[PDB]
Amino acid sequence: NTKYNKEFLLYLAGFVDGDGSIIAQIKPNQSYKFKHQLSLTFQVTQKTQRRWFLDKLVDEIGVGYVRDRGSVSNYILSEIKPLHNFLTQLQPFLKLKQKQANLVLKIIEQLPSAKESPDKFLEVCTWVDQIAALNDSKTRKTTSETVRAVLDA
């Protein structure tokens, strides 16, 4: 568990509000108790030509990794506990994605508890709905309603 330079957090919050993405998903996966994975992702996108910038993120955040996909690359942070540490420090400086940040911090904390009750899990699922509401969501499919519509069994 590490602490970040505030001047680095400020700059990064601006960049994240620009080209970053704080993403929460419900993934239809039969292998899970409630037939769905709760997925949290922090991501920063950039033209692969500027992959060096993303490399620096990995170095400076100390965790996460870069993935290439043709012309575009992504810094990706998915691991729940480093995500929590990082987002908790970033969140106060975000202006466009602060709500998304806080909802994710929230979702994370309620995660053991959500693996117990079919309707605690659905509650966390609605928090995910809120995150996508705040984002410029366009191709979403699996909402919280498609989750209770499955628990109908």
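Numbering starts at 1 and follows the sequence shown.
Comparing 134-142 with 14-22, the higher mean C-alpha B-factor in the PDB entry belongs to 134-142. Relative to its counterpart among 104-112 and 63-71, 104-112 has the higher mean temperature factor, C-alpha atoms as listed in the PDB entry. Within the group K47, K56, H36, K99, the record's highest C-alpha temperature factor is found at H36. Comparing the listed residues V124, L87, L94, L40, the entry records the largest Cα B-factor for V124.
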